[PDB]
Amino acid sequence: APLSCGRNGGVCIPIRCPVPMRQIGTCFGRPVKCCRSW
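- This entry carries the title "SOLUTION STRUCTURE OF BOVINE NEUTROPHIL BETA-DEFENSIN 12: THE PEPTIDE FOLD OF THE BETA-DEFENSINS IS IDENTICAL TO THAT OF THE CLASSICAL DEFENSINS".
- For the record of the protein, the UniProt heading Subcellular location holds the text "Secreted".
- The UniProt entry for the protein carries the following comment under Sequence similarities: "Belongs to the beta-defensin family."

## Details of unusual backbone geometry
Residues apart from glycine generally show negative phi values, whereas peptide bonds are mostly found in trans.
Alright, step 1. With an omega dihedral of 0°, the bond running from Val19 to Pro20 counts as a cis peptide bond.
Alright, step 2. Secondary-structure assignment places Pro20 in the loop between β1 (11–14) and β2 (22–27).
Alright, step 3. With a phi close to 65°, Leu3 is a non-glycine residue in the positive phi region.
Alright, step 4. Looking at the secondary structure, you find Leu3 in the segment before β1.
Alright, step 5. Owing to a relative accessible area of 56%, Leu3 belongs among the exposed residues under this scheme.

## Brief notes about the state of the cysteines
Alright, step 1. Across all of its chains, the model carries three disulfides by this definition.
Alright, step 2. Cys5 shares a disulfide with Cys34; S-S distance 2.0 Å. One end of the pair, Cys5, is in the segment before β1; the other, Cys34, is in strand β3 (residues 32–36), and 29 residues separate them in sequence.
Alright, step 3. For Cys5, a relative accessible area of 7% translates into the label buried.
Alright, step 4. One disulfide in the model links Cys17 with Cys35; its S-S distance is 2.0 Å. Of this pair, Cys17 sits in the loop between β1 and β2 while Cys35 is found in strand β3, placing the two residues 18 residues apart along the sequence. The same class applies to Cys17 and to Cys35, which are both buried.

Cut-offs and rules
- Numbering of residues starts from 1 on every chain and follows the written order of that chain's sequence, so it may differ from the entry's own numbering; residues lacking coordinates are omitted.
- Side-chain numbers come from the whole structure's heavy atoms, not from hydrogens or water.
- UniProt positions are given in the numbering used here, feature names are shortened, and annotations may be inferred rather than shown by experiment.
- The numbering of helices and of strands both runs from the N terminus, where a helix is a DSSP run of H or I of at least 4 residues and a strand a run of E of at least 2.
- Between buried and exposed lies partly exposed: a residue is buried under 20% and exposed over 50% of the maximum accessible area for its type, with that area taken using a 1.4 Å probe on protein chains only.
- Defined by distance alone, a disulfide is two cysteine sulfur atoms within 2.5 Å.

Take a look at the structure:
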């Protein structure tokens, strides 16, 4: 689905998750991902 990160509750960062933030889901499919500290 588009956007995504709603159920996960995180931000949609493209490319890869920037540390120390950890990935917590995906966004727009596989191009963007969800990233959160907790």
